[PDB]
$ cat structure35.cif   # mmCIF, C-alpha atoms and all ligand atoms
data_upload
#
loop_
_atom_site.group_PDB
_atom_site.id
_atom_site.type_symbol
_atom_site.label_atom_id
_atom_site.label_comp_id
_atom_site.auth_asym_id
_atom_site.auth_seq_id
_atom_site.Cartn_x
_atom_site.Cartn_y
_atom_site.Cartn_z
ATOM 1 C CA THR J 1 27.707 -2.932 -4.154
ATOM 2 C CA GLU J 2 24.650 -3.067 -6.444
ATOM 3 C CA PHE J 3 22.809 -0.956 -3.844
ATOM 4 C CA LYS J 4 24.274 2.418 -2.813
ATOM 5 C CA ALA J 5 22.869 4.585 -0.002
ATOM 6 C CA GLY J 6 21.657 7.542 -2.098
ATOM 7 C CA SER J 7 19.263 10.022 -0.438
ATOM 8 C CA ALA J 8 16.536 8.925 2.003
ATOM 9 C CA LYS J 9 14.525 12.096 1.300
ATOM 10 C CA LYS J 10 14.211 11.214 -2.385
ATOM 11 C CA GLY J 11 13.168 7.633 -1.561
ATOM 12 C CA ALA J 12 10.842 8.925 1.180
ATOM 13 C CA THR J 13 8.808 10.700 -1.509
ATOM 14 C CA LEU J 14 8.801 7.521 -3.592
ATOM 15 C CA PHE J 15 7.859 5.406 -0.551
ATOM 16 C CA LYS J 16 5.286 7.999 0.576
ATOM 17 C CA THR J 17 3.473 7.799 -2.789
ATOM 18 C CA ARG J 18 4.155 4.123 -3.623
ATOM 19 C CA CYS J 19 4.338 2.021 -0.430
ATOM 20 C CA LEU J 20 1.540 3.144 1.915
ATOM 21 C CA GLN J 21 -1.035 0.804 0.354
ATOM 22 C CA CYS J 22 0.312 -1.918 2.675
ATOM 23 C CA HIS J 23 3.236 -1.331 5.071
ATOM 24 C CA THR J 24 1.929 2.199 5.745
ATOM 25 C CA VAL J 25 5.020 2.914 7.864
ATOM 26 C CA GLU J 26 3.797 6.482 8.583
ATOM 27 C CA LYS J 27 6.316 6.154 11.462
ATOM 28 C CA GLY J 28 3.312 4.813 13.428
ATOM 29 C CA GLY J 29 0.440 3.386 11.335
ATOM 30 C CA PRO J 30 -1.576 0.120 11.293
ATOM 31 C CA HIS J 31 0.317 -2.919 9.950
ATOM 32 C CA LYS J 32 -2.475 -3.621 7.432
ATOM 33 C CA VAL J 33 -1.523 -6.396 4.955
ATOM 34 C CA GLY J 34 2.266 -5.910 5.343
ATOM 35 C CA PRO J 35 4.336 -5.337 8.525
ATOM 36 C CA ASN J 36 4.912 -1.764 9.748
ATOM 37 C CA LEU J 37 8.382 -2.257 8.214
ATOM 38 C CA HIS J 38 9.759 -0.253 11.147
ATOM 39 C CA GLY J 39 11.441 -3.241 12.841
ATOM 40 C CA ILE J 40 12.445 -5.643 10.020
ATOM 41 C CA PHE J 41 16.056 -4.681 10.804
ATOM 42 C CA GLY J 42 17.367 -5.752 14.231
ATOM 43 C CA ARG J 43 17.336 -9.427 15.307
ATOM 44 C CA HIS J 44 16.912 -12.233 12.740
ATOM 45 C CA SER J 45 13.908 -11.832 10.428
ATOM 46 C CA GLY J 46 10.248 -11.511 11.471
ATOM 47 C CA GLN J 47 10.200 -9.476 14.713
ATOM 48 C CA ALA J 48 6.881 -7.594 14.437
ATOM 49 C CA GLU J 49 5.041 -7.855 17.781
ATOM 50 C CA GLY J 50 1.712 -7.023 16.086
ATOM 51 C CA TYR J 51 2.012 -8.114 12.440
ATOM 52 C CA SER J 52 2.620 -11.882 12.177
ATOM 53 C CA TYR J 53 4.806 -13.784 9.689
ATOM 54 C CA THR J 54 3.978 -17.088 7.948
ATOM 55 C CA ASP J 55 6.534 -18.511 10.412
ATOM 56 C CA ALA J 56 8.688 -19.424 7.392
ATOM 57 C CA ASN J 57 10.584 -16.138 7.815
ATOM 58 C CA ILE J 58 11.208 -17.198 11.445
ATOM 59 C CA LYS J 59 12.410 -20.727 10.571
ATOM 60 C CA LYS J 60 15.130 -19.282 8.317
ATOM 61 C CA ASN J 61 16.344 -17.184 11.273
ATOM 62 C CA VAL J 62 17.961 -14.713 8.871
ATOM 63 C CA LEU J 63 18.721 -11.099 9.769
ATOM 64 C CA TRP J 64 17.298 -8.543 7.312
ATOM 65 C CA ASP J 65 20.043 -6.156 6.147
ATOM 66 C CA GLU J 66 20.701 -3.866 3.167
ATOM 67 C CA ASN J 67 22.689 -6.696 1.543
ATOM 68 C CA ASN J 68 19.903 -9.231 2.142
ATOM 69 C CA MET J 69 17.376 -6.757 0.700
ATOM 70 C CA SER J 70 19.350 -6.703 -2.569
ATOM 71 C CA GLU J 71 18.877 -10.477 -2.834
ATOM 72 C CA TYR J 72 15.166 -10.056 -2.027
ATOM 73 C CA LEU J 73 14.551 -7.761 -5.021
ATOM 74 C CA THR J 74 16.879 -9.726 -7.327
ATOM 75 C CA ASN J 75 15.736 -13.148 -6.044
ATOM 76 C CA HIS J 76 12.771 -13.778 -3.714
ATOM 77 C CA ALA J 77 10.554 -16.876 -3.361
ATOM 78 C CA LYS J 78 11.691 -20.214 -1.869
ATOM 79 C CA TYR J 79 14.185 -18.279 0.291
ATOM 80 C CA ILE J 80 11.304 -16.588 2.179
ATOM 81 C CA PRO J 81 7.621 -17.478 2.781
ATOM 82 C CA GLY J 82 5.486 -17.681 -0.384
ATOM 83 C CA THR J 83 4.303 -14.219 0.720
ATOM 84 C CA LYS J 84 3.037 -12.382 -2.379
ATOM 85 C CA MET J 85 3.915 -8.676 -2.755
ATOM 86 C CA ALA J 86 2.066 -6.204 -5.011
ATOM 87 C CA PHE J 87 5.474 -4.741 -5.934
ATOM 88 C CA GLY J 88 6.937 -6.553 -8.976
ATOM 89 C CA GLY J 89 10.178 -4.629 -9.581
ATOM 90 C CA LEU J 90 10.639 -0.901 -10.297
ATOM 91 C CA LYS J 91 11.219 0.516 -13.800
ATOM 92 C CA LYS J 92 13.635 3.053 -12.271
ATOM 93 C CA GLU J 93 16.446 1.086 -10.589
ATOM 94 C CA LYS J 94 18.060 4.295 -9.282
ATOM 95 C CA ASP J 95 14.855 5.280 -7.461
ATOM 96 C CA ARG J 96 14.540 1.755 -6.025
ATOM 97 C CA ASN J 97 17.992 2.129 -4.435
ATOM 98 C CA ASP J 98 16.842 5.268 -2.591
ATOM 99 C CA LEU J 99 13.924 3.287 -1.132
ATOM 100 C CA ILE J 100 16.312 0.769 0.458
ATOM 101 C CA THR J 101 18.090 3.558 2.368
ATOM 102 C CA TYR J 102 14.724 4.951 3.533
ATOM 103 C CA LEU J 103 13.737 1.588 5.062
ATOM 104 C CA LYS J 104 16.885 1.717 7.203
ATOM 105 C CA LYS J 105 15.491 4.953 8.655
ATOM 106 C CA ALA J 106 12.285 3.077 9.555
ATOM 107 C CA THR J 107 14.248 0.808 11.926
ATOM 108 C CA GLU J 108 15.900 3.864 13.522
HETATM 109 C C1 LIG C 201 0.754 -5.245 0.467
HETATM 110 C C2 LIG C 201 0.028 -6.092 -0.580
HETATM 111 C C3 LIG C 201 2.192 -5.020 0.139
HETATM 112 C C4 LIG C 201 2.697 -3.972 -0.553
HETATM 113 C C5 LIG C 201 2.047 -3.293 -1.709
HETATM 114 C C6 LIG C 201 4.098 -3.911 -0.225
HETATM 115 N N1 LIG C 201 4.485 -4.976 0.551
HETATM 116 FE FE1 LIG C 201 6.274 -5.383 1.226
HETATM 117 N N2 LIG C 201 5.572 -6.990 2.102
HETATM 118 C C7 LIG C 201 4.280 -7.464 2.097
HETATM 119 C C8 LIG C 201 4.163 -8.698 2.831
HETATM 120 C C9 LIG C 201 3.065 -9.697 2.686
HETATM 121 C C10 LIG C 201 5.376 -8.922 3.389
HETATM 122 C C11 LIG C 201 5.676 -9.849 4.516
HETATM 123 C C12 LIG C 201 6.434 -11.096 4.058
HETATM 124 C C13 LIG C 201 7.337 -11.589 5.190
HETATM 125 O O1 LIG C 201 7.224 -12.751 5.547
HETATM 126 O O2 LIG C 201 8.125 -10.798 5.679
HETATM 127 C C14 LIG C 201 6.253 -7.903 2.873
HETATM 128 C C15 LIG C 201 7.596 -7.843 3.138
HETATM 129 C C16 LIG C 201 8.445 -6.867 2.689
HETATM 130 C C17 LIG C 201 9.860 -6.847 2.958
HETATM 131 C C18 LIG C 201 10.689 -8.019 3.362
HETATM 132 C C19 LIG C 201 10.753 -9.089 2.270
HETATM 133 C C20 LIG C 201 10.095 -10.374 2.777
HETATM 134 O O3 LIG C 201 10.435 -10.803 3.866
HETATM 135 O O4 LIG C 201 9.260 -10.909 2.064
HETATM 136 C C21 LIG C 201 10.324 -5.688 2.440
HETATM 137 C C22 LIG C 201 11.630 -5.042 2.756
HETATM 138 C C23 LIG C 201 9.219 -5.082 1.740
HETATM 139 N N3 LIG C 201 8.058 -5.795 1.914
HETATM 140 C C24 LIG C 201 9.317 -3.927 1.013
HETATM 141 C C25 LIG C 201 8.275 -3.303 0.356
HETATM 142 C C26 LIG C 201 8.404 -2.080 -0.415
HETATM 143 C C27 LIG C 201 9.669 -1.577 -1.047
HETATM 144 C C28 LIG C 201 7.130 -1.719 -0.767
HETATM 145 C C29 LIG C 201 6.648 -0.329 -1.091
HETATM 146 C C30 LIG C 201 7.629 0.518 -1.910
HETATM 147 C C31 LIG C 201 6.279 -2.822 -0.359
HETATM 148 N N4 LIG C 201 6.976 -3.768 0.361
HETATM 149 C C32 LIG C 201 4.932 -2.907 -0.637
HETATM 150 C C33 LIG C 201 3.231 -6.844 1.470
HETATM 151 C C34 LIG C 201 3.318 -5.678 0.753
#

$ encode --input "structure35.cif" --output "structure tokens"
Amino acid sequence: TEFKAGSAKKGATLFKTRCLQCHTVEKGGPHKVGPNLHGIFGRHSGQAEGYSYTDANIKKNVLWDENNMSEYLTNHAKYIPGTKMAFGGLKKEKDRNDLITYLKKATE
């Protein structure tokens, strides 16, 4: 309940100007440091054919979902690979919620 599907358009602007330095989803761009983020949702975690995971994400065999994403922002570390992310929380929690909905669009 902490996360509510707001508007993907609003988050798209936020993602477009604050998330292309890595995932670069661009609907079809190079994985770069982070995964395209266009297939994290689907079967278990870690399903990028090109980008590779530390394998830790695969061992957990967890499916990434909007609920799981809430735990990732609120608590992330031992649960998933020691992967380090340049993002360290967002001052605007409302804007962060919009980003979550936008990622769902990346999967489909
Ligand atoms: C490059 C330094 C990164 C930037 C900046 C962003 N992310 Fe990232 N992200 C990065 C890596 C190294 C990984 C892979 C870790 C793994 O094993 O999957 C990720 C992963 C995510 C995930 C899943 C959480 C996880 O499994 O660790 C999400 C949903 C995610 N990243 C979201 C996200 C958003 C909101 C960012 C821009 C707004 C963003 N990432 C930037 C590396 C980097």

$ residues_around --input "structure35.cif" --residues "region 57-64 of chain J" --least-positions-apart "6" --cutoff "9 Å" --atoms "only C-alpha atoms" --output "ChimeraX atom specification"
/J:40-47,79-81

$ residues_near_ligand --input "structure35.cif" --ligand "ligand LIG 201 (chain C)" --cutoff "8 Å" --atoms "all atoms listed in the file" --output "ChimeraX atom specification"
/J:14-15,18-23,32-35,37,40,45-46,53-57,64,69,72,76,80-87,96,99-100,103

$ closest_residue --input "structure35.cif" --among "J:2, J:25, J:75, J:91" --to "residue 104 (chain J)" --atoms "all atoms listed in the file"
J:25

$ atom_distance --input "structure35.cif" --atom1 "CA of residue 1 (chain J)" --atom2 "CA of residue 26 (chain J)"
28.7 Å

$ atom_distance --input "structure35.cif" --atom1 "CA of residue 50 (chain J)" --atom2 "CA of residue 68 (chain J)"
23.0 Å

$ atom_distance --input "structure35.cif" --atom1 "CA of residue 94 (chain J)" --atom2 "CA of residue 24 (chain J)"
22.1 Å

$ closest_residue --input "structure35.cif" --among "J:66, J:97, J:92, J:31" --to "residue 51 (chain J)" --atoms "only C-alpha atoms"
J:31

$ residues_around --input "structure35.cif" --residues "residue 101 (chain J)" --least-positions-apart "6" --cutoff "12 Å" --atoms "all atoms listed in the file" --output "PyMOL selection string"
chain J and resi 3-12+14-15+41+65-67+69-70+94-95+107-108

$ axis_aligned_box --input "structure35.cif" --around "region 47-57 of chain J" --padding-each-side "6 Å" --output "AutoDock Vina command-line options"
--center_x 6.1 --center_y -13.2 --center_z 12.6 --size_x 20.9 --size_y 24.4 --size_z 22.4
